[PDB]
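First comes one chain, alone, set out as structure tokens in the form deposited in one PDB entry.
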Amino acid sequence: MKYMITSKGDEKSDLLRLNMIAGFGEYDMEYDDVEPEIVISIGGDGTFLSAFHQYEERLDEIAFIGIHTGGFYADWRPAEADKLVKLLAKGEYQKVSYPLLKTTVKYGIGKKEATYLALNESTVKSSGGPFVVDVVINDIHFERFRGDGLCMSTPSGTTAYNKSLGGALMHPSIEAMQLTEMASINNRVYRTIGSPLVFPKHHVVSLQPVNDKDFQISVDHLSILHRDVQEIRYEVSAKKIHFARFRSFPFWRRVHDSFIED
């Protein structure tokens, strides 16, 4: 099929790329940078996200693969690159899909709505001052949050930032999204739930400003400033990321290898 490869930038990753492109040529396989079907990422999880977001408009026609150079989303060590070209050329793989998080930001008098898709998470922090938003879950005013910010994570994203916030680890087969607090203030005048929340596939969380309307919104490795925000909407995306897998690397085992030693 059509493929492309994104490099991290260092000398190692680049040469591995060329070498993989040289092997791919030997098998009558076409490099298509515009509309590929297999996207290969050589680098780290930062590099994998870069590739995911490079092709977020063709996620239904793409099956990602990662090669870890320096990798939660990687399944291949560099020394396995030649083997991966072969198995790939033979079509000896099975597609697997993880859930994604849709982020919608409504802002301005024009009520523009920017929609973002996130693989790890989307976070919301203020412009420097106090962060205060109302958390609306569907039709329920759940709480008025005051603190450093809010993190909304995918299942596969719970082992990243979410984890550092005290969130829980969810198996990627659970089409859910998780909301964790960042240094929430809690006394008698202000209260939050203080517990992470896990929302199912049909629920919508709507963050609404209370005073200042400027917010720093991150989507995975990105961080955008939005002014005059009226609403930040969170929901499990209908779109899913597809991985081309050739062997068994269960999620918990991947959790075990990343955080548990001996």
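Superpose the two forms; the largest set of C-alphas matching within 1.5 Å is the rigid core. Note that residue numbering follows the sequence shown and begins at 1.
Among other compared entries that model residues flanking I109, a third or more give it no coordinates.
Residue-level annotation: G194 has coordinates in all of the other entries compared, counting only those that model residues on either side of it, so it never reaches the one-third mark. According to the record, 1 to 3 deposited residues between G70 and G71 are left without atomic coordinates. Between 218 to 226 and 25 to 33, it is 25 to 33 that carries the larger average Cα temperature factor according to the deposited entry. Relative to its counterpart among 123 to 131 and 110 to 118, 123 to 131 has the higher mean temperature factor, C-alpha atoms as listed in the PDB entry.
Between the residues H141, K102, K163, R188, the entry's highest C-alpha temperature factor is the one at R188. The PDB entry assigns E92 a C-alpha temperature factor belonging to the highest third of its chain's modelled residues. Ranked by Cα temperature factor within the chain, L59 sits in the highest third according to the deposited record. The deposited CA B-factor of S50 belongs to the middle third of values across its chain. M1 sits in the highest third of its chain by CA B factor, as recorded in the PDB entry.
Among all modelled residues in its chain, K213 ranks in the highest third by Cα B-factor.
There is also a form deposited in another entry; it is not shown, and the following applies to it.
Shown in the overlay between this form and the one not shown, fitted on the rigid core, is a CA shift at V189 of 2 Å or greater.
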